[PDB]
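Which chain is which? They are A, B, C, D, E, F, G, H and I, in the order written, and residues in each are numbered from 1.
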Amino acid sequence: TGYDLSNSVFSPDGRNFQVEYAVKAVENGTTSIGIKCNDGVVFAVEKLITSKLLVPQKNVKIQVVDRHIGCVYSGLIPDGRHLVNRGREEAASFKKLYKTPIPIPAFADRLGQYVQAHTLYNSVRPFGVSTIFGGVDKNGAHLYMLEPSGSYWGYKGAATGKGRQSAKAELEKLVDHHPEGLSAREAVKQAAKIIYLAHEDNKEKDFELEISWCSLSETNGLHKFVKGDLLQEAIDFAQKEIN
Amino acid sequence: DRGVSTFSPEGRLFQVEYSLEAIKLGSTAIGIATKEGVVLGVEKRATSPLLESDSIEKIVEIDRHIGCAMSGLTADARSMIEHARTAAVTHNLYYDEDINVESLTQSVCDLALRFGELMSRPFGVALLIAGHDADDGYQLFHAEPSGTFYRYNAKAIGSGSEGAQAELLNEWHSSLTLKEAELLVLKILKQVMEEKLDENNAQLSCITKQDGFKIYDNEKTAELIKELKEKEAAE
Amino acid sequence: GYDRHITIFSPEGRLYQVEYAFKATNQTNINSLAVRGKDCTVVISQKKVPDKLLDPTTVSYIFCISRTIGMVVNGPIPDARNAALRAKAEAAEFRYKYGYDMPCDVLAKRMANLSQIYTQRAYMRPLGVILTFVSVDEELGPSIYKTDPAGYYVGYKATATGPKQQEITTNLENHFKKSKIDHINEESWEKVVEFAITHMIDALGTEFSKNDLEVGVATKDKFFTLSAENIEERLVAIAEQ
Amino acid sequence: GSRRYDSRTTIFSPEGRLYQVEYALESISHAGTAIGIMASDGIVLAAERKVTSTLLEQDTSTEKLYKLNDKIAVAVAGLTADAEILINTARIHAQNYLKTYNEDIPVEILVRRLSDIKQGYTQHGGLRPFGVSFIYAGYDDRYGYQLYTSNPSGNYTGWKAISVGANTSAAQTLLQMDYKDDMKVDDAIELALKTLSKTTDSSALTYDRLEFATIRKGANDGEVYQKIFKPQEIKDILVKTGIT
Amino acid sequence: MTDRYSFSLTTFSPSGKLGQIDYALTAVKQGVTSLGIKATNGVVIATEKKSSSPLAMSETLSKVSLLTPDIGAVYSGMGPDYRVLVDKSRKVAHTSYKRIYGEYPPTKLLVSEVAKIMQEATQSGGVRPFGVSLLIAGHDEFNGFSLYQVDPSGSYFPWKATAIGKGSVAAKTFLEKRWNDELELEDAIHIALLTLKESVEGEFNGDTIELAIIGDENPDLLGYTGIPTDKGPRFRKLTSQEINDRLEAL
Amino acid sequence: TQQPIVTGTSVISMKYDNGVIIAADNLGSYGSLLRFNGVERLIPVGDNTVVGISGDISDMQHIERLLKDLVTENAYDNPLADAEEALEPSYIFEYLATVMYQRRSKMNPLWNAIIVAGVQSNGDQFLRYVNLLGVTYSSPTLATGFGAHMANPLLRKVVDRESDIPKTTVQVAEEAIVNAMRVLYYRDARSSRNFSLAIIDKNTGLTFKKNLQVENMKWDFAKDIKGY
Amino acid sequence: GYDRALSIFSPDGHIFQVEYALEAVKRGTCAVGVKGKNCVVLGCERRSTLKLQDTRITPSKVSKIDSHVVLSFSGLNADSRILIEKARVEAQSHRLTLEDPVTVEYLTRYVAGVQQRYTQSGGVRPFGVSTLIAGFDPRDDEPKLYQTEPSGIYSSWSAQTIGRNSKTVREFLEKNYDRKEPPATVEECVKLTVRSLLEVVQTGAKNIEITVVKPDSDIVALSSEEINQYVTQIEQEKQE
Amino acid sequence: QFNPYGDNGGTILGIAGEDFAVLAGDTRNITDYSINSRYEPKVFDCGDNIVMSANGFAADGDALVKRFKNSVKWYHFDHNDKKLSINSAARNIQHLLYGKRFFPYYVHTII
Amino acid sequence: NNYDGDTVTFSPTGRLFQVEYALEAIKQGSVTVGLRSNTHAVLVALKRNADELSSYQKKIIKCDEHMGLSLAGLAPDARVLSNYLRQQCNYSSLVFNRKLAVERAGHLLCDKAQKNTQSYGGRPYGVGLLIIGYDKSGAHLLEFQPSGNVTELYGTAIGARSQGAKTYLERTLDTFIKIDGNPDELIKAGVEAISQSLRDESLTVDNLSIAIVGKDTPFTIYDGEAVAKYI
């Protein structure tokens, strides 16, 4: 034994326990989701209000990469920030050499390879975040989810954090009851609902909802934060559904 | 085994805490600050009588306006002194002026936590840094291997420190003359020393605005020891 | 017990980290198979999309390394993509330096050498993947070369990889014991793919829909993967015989 | 991280010994015995090959005795591969000196440099020491004929007669008994062989289990010649000294 | 990252053993038997092509390798370690000899370079020893024919004939009986085949045996004519057919 | 060290009561060859700044890409990227001036002359110049290359000192700029008829006019000129 | 590069690697330094388990650092060669830049600095060596004798000993050396040095080496018979 | 060939009185025979009751002043808001200038 | 326990113990309070001496004219991080002629701290910081933890017994946020908040440290006689 004390060591069953322990930090984080829609993607996240002294609207968690990609994550927040900073460097260098903004699948592999690299040596620690990200490129909308192992796939909908089970089930319903498509504006409302429903598992504290989206028609393919009236509307839609 | 830069569960750096133990084994050094000057005194603690005691250099000049006394692993102090002298001289070259006593002390303390897997361990020596500058007058600092430095009106470091520090708590006041301070260092050294105090196994120094940092001759200290014997044999 | 944790010899001359990397190779619970035709090389792999929230078009363990070389991986996807990116970089560099396309067997050797280094150098862990490279080489013709975490590699008449590799292997051996030739004596790649799927069905004892398979085909001067609809057409022809 | 697997090859024990150096010396004590004897008119190097097979090609083999330059040779005891690394380094140092000063390197200077290299592996770098002990036989115009030894610690000393490898305690006692200052090379040859014959762990001593060499002034007029003995020549000297 | 294993992984134990080298030799003991025999007019090196699966094309896996036109090598132990050593050996024959002297190195010196590489893996930081023993056969003008063994430690020895791996102890005994200083190359090949049959379990034919010789110059393998002094490689790998021809008169 | 290959000529600008105007022709010269005719040399950054560039075009395209990357980077983790923490003309200029001086100090200059025109948060007009040497200066009127010799004299008749700015309207200023561009077309051998003009006003914002032409040209007197 | 912190503090505030370096010194052959009124003498023990030794060529225990300063040691022999080389280089470097040979104190301070540096540098172990550094400052006739140790502390001594059984010979010197009356002559000082060694040495054969250093670069090694005369003269005064 | 230097003209004048000091300079900036600006300030308040002007090549002059102002700021951080005396400022500027001894700031400085 | 030897090791529950031990050093530190209105932002800090002969350790550091912080924990780590902040504020001014937004300052500190939690050989920072500043979007207060977590707040406290002050501020939120244009009242409220963390000791003239920054107020520190007014 002692196989779990060092990163990059295979156990006798062929597992990297340090990566599996990184998942525990992710599972301990706040709930965050992504929904792929007809011409775009929607990202939403639960921000726990630790105290009244937190300035509302001011501790933003969702992060833009370039101008067309959104990223949200659950787990160790600084690890997520570090990953996004790398993502921004990768996006910058891609656009520098190739002119066009980085395609989403290309960007996904860039993060994937970087996260995977942190499972190859005992001199580094695996990332303590699962990252949901995506956006609009020249081949349409894309939504990805990336784990501490470096594993990622494309998704129709995705969820991570403490309320991932609840959110998954809710996402599975949307996929079944909308086999032809979901509109960007619908997805914003649905995102609000699913976070409110997933908040059951973090009920001790009340929370602040935060949504963003990239849509070819609604945002011109750029990533923007859902603010003001449209945000309040989605909050109302969500509040009516929990009663 | 375990990292050199590791924290304990109480939130302390093991290596720093262990170096503090090494300093408790060191010979006693005392400093007292007055409005007329700062006095620095040390216990030489020769390990054998064939050792020529005047080759024991535990009080050291850093510049004309700054002196320093040491306690602990005294070999570790040489590079700290070298750095301090360089910093003081360098500042004078860049700014055509004397460097503040605090700024010198801060420069020395920046070395402290430069260790890991840079040097391989913290310093095992504590310093009393005494000096004068125009802005803040006569000053005495206590520089530790943790990188923290405190200003003191009076301070004792080394093996007889808390016994001496309790004594300095009583005796120090804002109107102390330089001469009183000299006798007080001698008095308290005599109290905490193992062997009997004399001019060969203890050393005094001071720093005044007018004459700068001066180490006292064994003849001048002998006079002050005799004066101290007479004052105490008078009540 | 630290000879278990890094790649140094145990008292019986074994590298346990290499052995445990072989075990990681079957984590995905996927079986693959490669065979050679007259003019082509075919590789098929099981496709399993367990979650309904996944985009199944992005779920793949077959890679287009160069225009001529294809690679299928048996192992976790992060290590697979690590190997895929590297092989792509190597193949492109080879072409730049030496002025011709990197042969399948040469790339296999190169990746096998990289794998060997991880078994000798302590700071690098082995990759928990088995790489099967396929092409129609311009000198050697249809080619299958397979690499593992030990740094071992060899050419193949045909091969199989995964949890049920032995059943597929023995099934293939028995066919070649009959036919007495090195390949599938078939003109079109369509028929070689049909052979590949048929013999996997028999060996595994399972039936496949169009979404349960992944197919790669190597011909002279290009390697390509089949869409779900191209595979459906393959399945339909199999059923009607 | 990596600290966990570090043996720390360059640390003191609580008694003030270097573990790895001590253990390397233990390794060397199982190596074939090598003997060096210094006379007034030359030096003898004799060494026992470790247990031979009849299929080992002897006449083309070199395991013990190595030429560093025309005036200096070494006898090896320990890991042969480790010795070859150091030998090639020494050969290069000798040529660097000759290139710089246009004079052959003095024996001690060569010995000191090799010993300093060995020492470095015990103080820094975190690598294991070389598991090798040398006997240096050489000549220069300052001190004449010289014998030195160096071991994995990097300490070197001069000798009139010395052994390294297996059974040095027994061998040193026998040399201590029969060695005399006025001794000549042909007597020293006989002493070296007789000493190996008695200390050997083999049943008897034969030509196929020996390497032999001499450094003589025996060369037409004031100059020195090295002679690495052929197998037939070792067979002759064994007969001539009445051991077979 | 950065390789932070800058310390030795092979160290002396209290008894003076270098553990990792011993364990490397143990890995060689498990390895498939290979051997070499020196004749008056040539050298032969041979081994068993133990194929992992019958679907594997065993001709694509070369256990006997050309290092230079007049030098060849076979092994016992870990195949991948052998493969990279052959790559390094071929390169060092050029970088540290041919590009300097305009000719291929003599057998003993190439062996010396391979040995050095293997020694360094036994002392350098963050690496394990190579888990192979090599047999290197070759010819050069001034030394004639020669056969060397190289071990994990970096130690090398010249042999008249020897065997390494699985059944080496039995094979060495067999070779002691048959070897003499008057063997012609055909006699040595015949003995190599007889010796190798003992350690081989099942099929014993040209497709399961890999065998090469260092013999006469082959001008037909040179690839060009018109330079009398260039007469071609002495290393030749026997074909499957050539091996089977000699297995009848066996 | 290099030499400029494909180049752009004058950029001219001035302040008026509520903002700034800037203009530059659409030519990319290759020595005396008028190689490229559709080159935009005014690059707006956000909706409150316009950077006009003369000199080497390859270096202009590089600078163009730096400014485009500035906007991207400023929006990272910045909820007020389109409000209080948006890019100011003063920020953009100082960044360029830093780069230009750094490049000249490595003896590898960006072979350009640049004018940053814009309106600050508080409504103040911003107009400042920087070139390949890292030299900077401000004035009510600014012009590069030939414009410095021919346009400034004309623009300075309208705004001669700071106190003339409140008295100058956007229509008088624009008319002065357009007249100057005609004069440069008459007299600069590396100029073109086609040009772009941009106005940044503190009330009406950024107006960007493309495909303008020099018009009302006086050539008729040429017919009477005979011989030398 | 190899970086491990080998010299580190223990919970009781001790650096074990430096303390274990002192144990290596304790095991080394005995060395003693005694300074007279116009000379310094350096005496050294040679362990007598080795005969068949060639003393012509064998490394001598006292080493000249410059023409006016010498260095002897106790501890690891190979380690001492590194300090001696560094000291010799620094001595020539000092002459080259300052245009004056090193003072004995400066040279001591240098060697002591090297030793200290090896107690808080990564990837190195301390020197298992203590030294006695002796000589005369240029244009000065006052004798100098300093000691260094693995920790890097150094100091001046009227007389001092290091190595095995140094406690015994320090006992001797502590009651046989008068500060008021330093050994007034070469003969007198050499005798006191030889006596102190005879407390511990075994045979007075070629087991004792002696080196005398006088002012103005006058250094000479005494040979067997010359020392033998001192040994003879001492036992003839003992039986009484 | 690229010339990294230029001449922006201008003239400056510093006079020291009994209990005061003046530092004057014209506000004209030029290249060759053209006027760049009729009001480009050349004399600056650098804090701590110190005024400075670096005349000649304006890019170097701006860089130097900008560096010195920065030096005042860091003097305060590092030395407990101590006021930087004019003599200490002079010595500090010497080191800024000599740091580019082999690629000089092409300016004549007065404080 | 087996997983606390270095920062590069997760525990089986996904915790980083070296980071948590660094957090523990803050809890031992002397209390410091931060709070803001819409016009001003205030830091109040209880300074801790070694004994009666010693000076009181300074807790508040100026970063720029419009920004500064207070510390609790390892003071040398605060010196490293505050020095880094000074440089970043400085870079923003020299290169972009732009005052560094307090939020960006938070993001830069987070990223600097994070790198020391993911690599071998390093250690986490052992200090917590309260950063106040007035920029283009008004007054701000940030709380930095050496885990890398930075949080924007109306008010807070860190160090030993900070919980008392943190509850007081949570009650008074609606009142103190409105104290616009009256600096003295905002300080009074901060001094009243920090008083809820006192036991045994009370606020004296060499004990108390106050700093303020706002609309037309550069970041300035009040010590000694200058805080007599507020005791």
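Quick note on the criterion: a residue touches a chain if its C-beta (ideal position, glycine included) is under 8 Å from a C-beta of that chain, and two chains touch if they have at least 3 such contacts.
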Shared touching chains for chain B and chain F? H, I
Quick check: more C-beta contact pairs at D-G or at B-D? D-G
So how far apart, in whole Å, are chain B and chain C when each is placed at the average of its C-alpha atoms? 73
Dist(centroid_CA(chain D), centroid_CA(chain F)) in Å evaluates to 84
On a C-alpha centroid basis, what's the spacing between chain A and chain D, in Å? 70
Residues of chain B touching 2+ other chains? 3, 116-117
Mind pulling the residue numbers of chain H that touch at least two other chains? none
Can you list the chain C residues in contact with two or more other chains? 2, 5-6, 122-123
Please name which positions on chain F make contact with chain H in the complex. 1-2, 101, 104-105, 107, 109, 129, 133-139, 148-149, 152, 161-162
Enumerate the contact residues on chain H facing chain I in the complex. 66, 70, 73, 77
List of chain D residues in touch with chain A within their complex: 1-2, 4
Within the complex, chain E is touched by chain D residues 1-2, 5-9, 20, 23-30, 53-57, 60-61, 63, 79-82, 84-85, 126-129, 131
Considering the complex alone, what residue numbers of chain F touch chain I? 77-78, 80, 84-85, 88, 90-91, 93-95, 98, 121
